[PDB]
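K.L.:
So I pulled this structure from the PDB, and the sequence comes with it:
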Amino acid sequence: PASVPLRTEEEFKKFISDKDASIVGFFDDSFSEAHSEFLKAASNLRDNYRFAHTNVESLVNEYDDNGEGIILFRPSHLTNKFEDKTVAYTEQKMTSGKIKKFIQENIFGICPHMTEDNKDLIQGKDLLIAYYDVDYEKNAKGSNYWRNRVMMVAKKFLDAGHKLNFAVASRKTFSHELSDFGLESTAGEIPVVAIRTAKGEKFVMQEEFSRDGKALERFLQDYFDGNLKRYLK
């Protein structure tokens, strides 16, 4: 069952309550080229992502207007002012190739929480990570406080046309990665920040992370302007 059939609204609401994102197909025609292409995408990628599909009429009618849609639902605990919880597939034609691209480009949003499980999906492109005591079990309050500050700043650079991906991550979980940046792992609350480019250059924020976001802002400005020396371990 590469994609989970959702048979009621209640099963749908259950599916999307996960700590990870949901990729949900809405098809009134289970035999269409499009439905087939989604099950193909689902069979191909189900090891790293959560797929489900539905022909429940109220659901299909809600999320698409022509009985043929895909929506990504990002995790409820991560919803924020800077982006929306849902992303619709808006290409005219659904192919497995286009669908995989849409997942890769949209599933994580402005600043995912990087975990042990999703790290290989998030890493690989030019990426800023803020590391701190992220833990949505015991510390949702702290986790949101710092993530909202990273996102507020990131959103401004993104809107301005800059290309860089962002994430937050546990300074404890990723204690080993930190040594790449000459950062130590502590139980301390204040984020440390470093960028790794796709081509392997590392840039480490020097100033302390200020509550108003301006230290991050100055670091990113210098990064984009080409004013930072890279970190050599």
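P.N.:
It's in. Residues are numbered from 1 along each chain as shown.

K.L.:
now for the lengthiest helix in the chain, which elements pack on it?
P.N.:
The longest helix of the chain (DSSP state H) is helix 140-159. If contacts are counted by 3 or more CB pairs under 8 Å, 6 or more residues apart in numbering; DSSP states H and E, helix 140-159 sits against strand 127-132, strand 165-170, helix 214-225. From N, CA and C alone the C-beta is placed, and that goes for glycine too.

K.L.:
which residues touch the next helix or strand after the second one?
P.N.:
Read in the C-terminal direction, the helix or strand following strand 165-170 is helix 175-178, with elements assigned using DSSP states H and E. If you take CB atoms under 8 Å, 6 or more residues apart in numbering as the criterion, helix 175-178 is touched by 131, 171, 184, 185, 192.

K.L.:
Quick check on those residues: which are buried?
P.N.:
Among the contacts of helix 175-178, those classed as buried by 16 or more other CB atoms under 10 Å are 131, 171, 185, 192.

K.L.:
For the first one, name its beta-bridge partners.
P.N.:
With DSSP bridges applied, the residues forming beta bridges to residue 131 are residue 169, residue 192.

K.L.:
so it makes contact with residue 189?
P.N.:
No - using CB atoms under 8 Å, residue 131 makes no contact with residue 189, being 11.3 Å away.

K.L.:
Mind listing residues that contact stretch 186-202?
P.N.:
By CB under 8 Å, 6+ apart, stretch 186-202 touches 123-133, 142, 146, 150, 164, 168, 171-172, 178, 180-181, 183, 203-205, 208-209, 216, 219, 223, 230-231.

K.L.:
quick one: what helix or strand has residue 72 in it?
P.N.:
strand 68-73.

K.L.:
and the next element down the chain from that strand?
P.N.:
strand 86-88.

K.L.:
In that next one, which residues are buried?
P.N.:
Result for strand 86-88 [16+ other CB under 10 Å]: buried residues residue 87.

K.L.:
and that strand, how far from the chain's centre?
P.N.:
13 Å (CA atoms, centre = their mean, to the nearest Å).

K.L.:
Counting neighbours, what do you get for residue 59?
P.N.:
19 (other CB atoms under 10 Å).

K.L.:
counting contacts, what elements does whichever helix or strand it is part of pack onto?
P.N.:
For residue 59, the host element (DSSP H and E) is helix 57-63. Using 3+ CB pairs under 8 Å, 6+ apart, the elements in contact with helix 57-63 are helix 9-15, strand 22-27, strand 68-73.

K.L.:
Now find how far off-centre that helix is within its chain.
P.N.:
25 Å.

K.L.:
Mark out where each domain of this protein begins and ends.
P.N.:
Here the domain parsing of the chain from CATH domains of a matching chain is 1-113, 115-226.
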